[PDB]
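Beneath this line is the structure, given in C-alpha cells, with notes to follow.
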There are 2 protein chains.
Amino acid sequence: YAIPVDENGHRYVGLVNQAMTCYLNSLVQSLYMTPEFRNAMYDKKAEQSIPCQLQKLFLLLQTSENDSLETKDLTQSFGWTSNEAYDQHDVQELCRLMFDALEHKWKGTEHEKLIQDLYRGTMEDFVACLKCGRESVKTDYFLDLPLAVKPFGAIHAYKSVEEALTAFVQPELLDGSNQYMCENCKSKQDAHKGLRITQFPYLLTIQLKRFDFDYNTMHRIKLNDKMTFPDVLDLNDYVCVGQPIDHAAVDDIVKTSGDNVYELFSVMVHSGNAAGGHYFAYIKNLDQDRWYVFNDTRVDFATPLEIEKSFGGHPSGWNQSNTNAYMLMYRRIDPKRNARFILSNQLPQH
Amino acid sequence: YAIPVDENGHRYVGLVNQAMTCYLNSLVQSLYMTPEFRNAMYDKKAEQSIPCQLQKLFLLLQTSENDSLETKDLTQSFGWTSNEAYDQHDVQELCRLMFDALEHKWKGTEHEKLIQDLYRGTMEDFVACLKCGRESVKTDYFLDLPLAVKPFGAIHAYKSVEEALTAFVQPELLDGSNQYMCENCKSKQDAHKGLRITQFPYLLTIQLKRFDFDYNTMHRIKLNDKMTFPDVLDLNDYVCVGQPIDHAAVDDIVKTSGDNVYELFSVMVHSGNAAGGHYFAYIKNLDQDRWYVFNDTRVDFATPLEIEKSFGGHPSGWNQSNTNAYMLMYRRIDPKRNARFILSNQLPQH
Ligand SMILES: [Zn+2]
Ligand SMILES: [Zn+2]
C-alpha cells in the first residue's frame with residue numbers, strides 16, 4: 001500500500017515519454033541518483049549551458065511534486081535538435097558531452113577535479129617480449145569498462161560481467177605469423193600484448209556491448225545472450241542472485257579479502273527491437289538500499305525478479321519482446337568516501 | 001623507364017591531397033577502377049546530385065592529361081561540408097550514400113538493379129534447436145563482409161582473411177546459462193545460432209575491422225596484427241604469396257573444384273596514427289593484370305613487396321610508422337560476366 005518516496009519523504013518524479021530520446025531519461029535519472037554527482041550539481045543569457053539545464057532539472061526532480069518532467073531544454077542545451085539525434089549517438093557520447101561541459105564550467109573551482117576523481121580509472125597497455133622480458137608500457141585513462149557480450153567468432157557468449165572483464169584483461173599472444181619486433185632483441189619474437197588495470201574508478205561504468213550497428217541494414221542490432229552481474233562486484237583479482245538486499249557482513253568479508261568492492265545501483269536496460277525499442281532503468285537509492293524502476297513518467301518499486309530478468313536470454317525468435325541490460329553503474333564501497341544525498345531541507349534557495 | 005598508362009594508352013590521373021578526406025580518394029579510385037561500375041556511369045540546376053559529380057569526375061579521370069584532380073564538388077554533392085566530415089563517418093557509410101543516390105537516379109532505367117546485381121550477396125541467420133532439429137531462419141542481404149582482425153578477449157588474432165571468414169560463419173552454441181527457448185520443444189534447449197552464406201556478391205567487399213573507436217580518448221584506434229589475403233580467393237567451402245601475376249591455369253583448377261573464385265583488385269590501406277594517418281590504396285587494372293599504387297597526386301607501379309607489406313604486423317612500439325589494409329575489393333571470376341573497361345574512343349561526347 002506504500003508509495004516510492006525520496007530520503008526527504010518526497011515522491012519520486014519521472015520524466016516525459018522517450019519520443020526518440022532513447023537512453024536520455026535513463027541516463028538523467030542514473031546521474032540524478034548518484035549522491036556525489038547530485039551533491040556537486042548545487043554549488044547575455046547562458047541558458048545554452050549544459051550545467052545550468054542539468055541543475056534546473058535536478059532541483060525540479062528533487063523538489064517538484066508533479067509526476068513527469070520535460071527534457072526539451074536539456075536536449076536543447078546539448079545542441080541535439082534533430083529528431084534522430086539520440087538514434088545516431090551512443091550513450092557514451094552523451095556522457096562525454098555532459099562531463100566536458102561540467103569540467104569546463106568547474107575549471108578553477110572546488111569541482112575542477114570532481115569528474116575525474118569520480119569516474120576516471122587508470123590502466124596500462126603493454127607489450128612484453130617473451131624472450132628478453134623487456135616491456136613497453138603506456139598509461140591510459142578510462143571512463144568506461146567496455147565489455148563484450150559475444151565477441152566475433154565466439155562459440156560461447158560470456159555468461160557474466162566477471163567473465164567478460166577477465167577476457168578484457170586477457171593478454172594477447174603475439175606469435176607465429178604476427179610476432180613482435182622487439183627493439184632490445186633487434187628481431188621478431190613472441191610477446192604478450194594487452195591491458196592491465198591499476199586503479200578502478202570510484203564510480204564504475206560498465207558498457208555491455210549488446211548494441212552493434214549493421215551497415216547493411218543499416219540499423220542497430222542487439223545481442224540477447226544471457227549475461228549475469230551481481231550487486232556486490234569483487235574486482236580484487238583485476239588489480240547467482242544479487243538483486244535482493246545487500247549483506248552488510250559479506251561485504252566486510254570481501255573487504256577482509258581485498259579492498260576493491262563495488263555496489264551496483266543502476267541497471268539501464270532496453271526492450272523490443274534495436275532499431276528503436278523502449279528504454280528504461282532499474283536504479284537503487286543507496287541511502288535506503290531500495291530498488292526502483294524508472295520508466296518515463298512512472299517510478300515504481302522494483303522486485304528482484306524484475307531486475308534479474310535483465311540478465312537476458314534468447315527468446316523464441318524474432319517475436320521479439322525481451323528486456324536486457326546494456327549499461328551498469330557501480331559505486332565503490334568506502335564508508336569514508338561514500339556520500340549520502342544531502343536532504344532537500346539543506347538547500348539554500350529555489 | 002616506362003610510365004603507368006591506361007588501357008587507352010593514357011596516363012593514370014591522381015587526386016588532390018587528402019586534406020582530412022581520409023578514405024575518399026582511395027574509395028573514388030577503387031570505384032573508378034571497377035569495370036562494371038565505370039561502364040555504368042556513362043549512360044533548376046541538379047549539380048547537387050551525387051551521380052552527376054561522380055560522372056564528371058570519372059570522365060575527367062579517364063580523358064584528362066593532368067596529374068591531380070579536385071574533389072571539392074564531390075564532397076559538396078555528399079553534403080559533407082564539415083572539415084571533420086570524413087573523420088566522423090566510416091567508409092561504409094560513404095559507399096551507402098553513393099549507392100543510394102545512384103539507385104535513386106537509376107530507378108526505372110536499365111541500371112535500377114545494377115547496384116544490387118553487383119554488390120549484394122545473400123545469407124541467412126538461423127536458430128537450430130539441437131533437440132528437435134527445427135530451425136527458424138530469416139534471409140538477410142549484405143553489401144560488406146565485416147571480418148574482425150582481433151576479437152574481444154582473443155588470445156590469437158586471425159592470421160588470414162580466410163580464417164576470419166571461417167569464424168564469421170562459425171555457429172554459436174547456445175547452451176548452459178543462455179539456452180534457447182524452443183517453441184516446438186516448448187522449453188529451453190541447446191541450440192545453434194549463426195550465419196551461413198548462400199550467395200556471395202559479384203563484387204565482394206571485405207571490411208577488415210582494424211579501426212575501432214575508443215570513447216575514452218575519444219579518437220580512432222587501429223589494430224596492427226598481421227593478416228594475409230590472396231589474389232585468388234577460394235570461397236567454395238562457405239556456400240602465401242598472391243601479389244604477383246595470376247595463374248590462368250590454377251584458377252581453372254579451382255574452377256574444376258568449385259565455382260566461387262574471386263580475384264583481388266583493390267587493397268585500401270592506411271599508415272600512421274589512426275587519429276588520422278595517411279590513406280591510399282593498391283589497385284589492379286583487371287584488363288592488363290597490372291598493380292598500381294594510388295596515393296593522392298601520384299599513381300605509380302606497385303611491386304609485390306609493397307602490397308605484401310600491407311598484411312600488417314606489430315612494429316617496435318608506438319613509433320609508429322606502419323601500413324596495413326582495412327578494406328579489400330574482389331571480383332568474381334566469370335569469363336562470361338566479367339566486363340572490360342570500354343575504351344575512351346567509344347565515348348559519344350565530352
Ligand atoms: Zn626482446
Ligand atoms: Zn526444439
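Chain letters run A, B, ... following the sequence lines, proteins first and then strands; every chain starts at 1. Heavy-atom basis, side chains included; hydrogens, waters and symmetry copies ignored.
Counting heavy-atom neighbours within 6.0 Å of A:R196 CZ, excluding the residue itself, gives a total above 12. More than 12 heavy-atom neighbours from other residues, nucleotides or ligands sit within 6.0 angstrom of CG on A:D117. The number of heavy-atom neighbours closer than 6.0 Å to NZ of B:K188, taken from other residues, nucleotides and ligands shown, is above 12.
Interface remark: of the candidates A:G317, A:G313, A:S160, A:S136, A:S136 forms the most heavy-atom pairs closer than 4.5 Å to chain B. When each of B:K138, B:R96, B:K159 is scored by its heavy-atom pairs under 4.5 Å with chain A, the top score falls to B:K138. No other option in A:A167, A:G176, A:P171 has as many heavy-atom pairs under 4.5 Å with chain B as A:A167. Of the residues considered (B:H192, B:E93, B:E183), B:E93 shows the highest number of contacts with chain A, using heavy-atom pairs under 4.5 Å.
Taking the side chain to side chain contact (heavy atoms under 4.5 Å, CB included) definition, one finds that A:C129 meets it with A:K131, A:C132, A:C182, A:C185, A:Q189, sequence neighbours left out.
Residue pairs meeting the ring-ring contact (aromatic ring centres under 6.0 Å, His included) criterion with at least one member in residues 116-145 of chain B, sequence neighbours excluded: B:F99-B:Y119.
Using non-hydrogen atoms only and a strict 4.5 Å limit, the part of residues 149-156 of chain B facing chain A consists of B:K150, B:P151, B:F152, B:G153, B:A154, B:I155, B:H156. Listed by sequence position, B:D90, B:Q92 are the residues of residues 78-92 of chain B in contact with chain A, using a 4.5 angstrom heavy-atom cutoff.
Of the atoms belonging to A:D125, heavy atoms from both backbone and side chain fall under 4.5 Å from chain B. Contact of A:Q179 with chain B is made through the backbone alone, with heavy-atom distances under 4.5 Å. Interface residue B:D175: only side-chain heavy atoms are found under 4.5 Å from chain A. Within the 4.5 angstrom heavy-atom criterion, only backbone atoms of B:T217 (N, CA, C, O) approach chain A. Of the two parts of A:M218, the backbone and the side chain both hold a non-hydrogen atom closer than 4.5 Å to a non-hydrogen atom of chain B. Proximity to chain B (any heavy atom under 4.5 Å) is shown, for A:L143, by both the backbone and the side chain. Heavy atoms of A:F311 lying under 4.5 Å from chain B are absent altogether. For a residue to count as touching a neighbouring chain, one of its non-hydrogen atoms must lie under 4.5 Å from one of that chain's; by this rule B:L173 touches chain A with backbone and side chain alike. Both the backbone and the side chain of B:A157 have a heavy atom closer than 4.5 Å to some heavy atom of chain A. When heavy atoms are compared at a cutoff of 4.5 Å, A:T166 does not approach chain B at all.
Here the CD atom belonging to A:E172 is positioned 5.0 Å from the NE2 atom belonging to B:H314, to the nearest 0.5 angstrom.
For the pair B:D225/A:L174, a side-chain contact is recorded, criterion being any heavy-atom separation below 4.5 Å from C-beta on. Using a 4.5 Å cut-off on side-chain heavy atoms (C-beta onward), A:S316 and B:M181 make contact.
Test A:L145, A:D144, A:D140 against B:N216 for side-chain contact (heavy atoms from CB on, under 4.5 Å) and you get one pass: A:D144.
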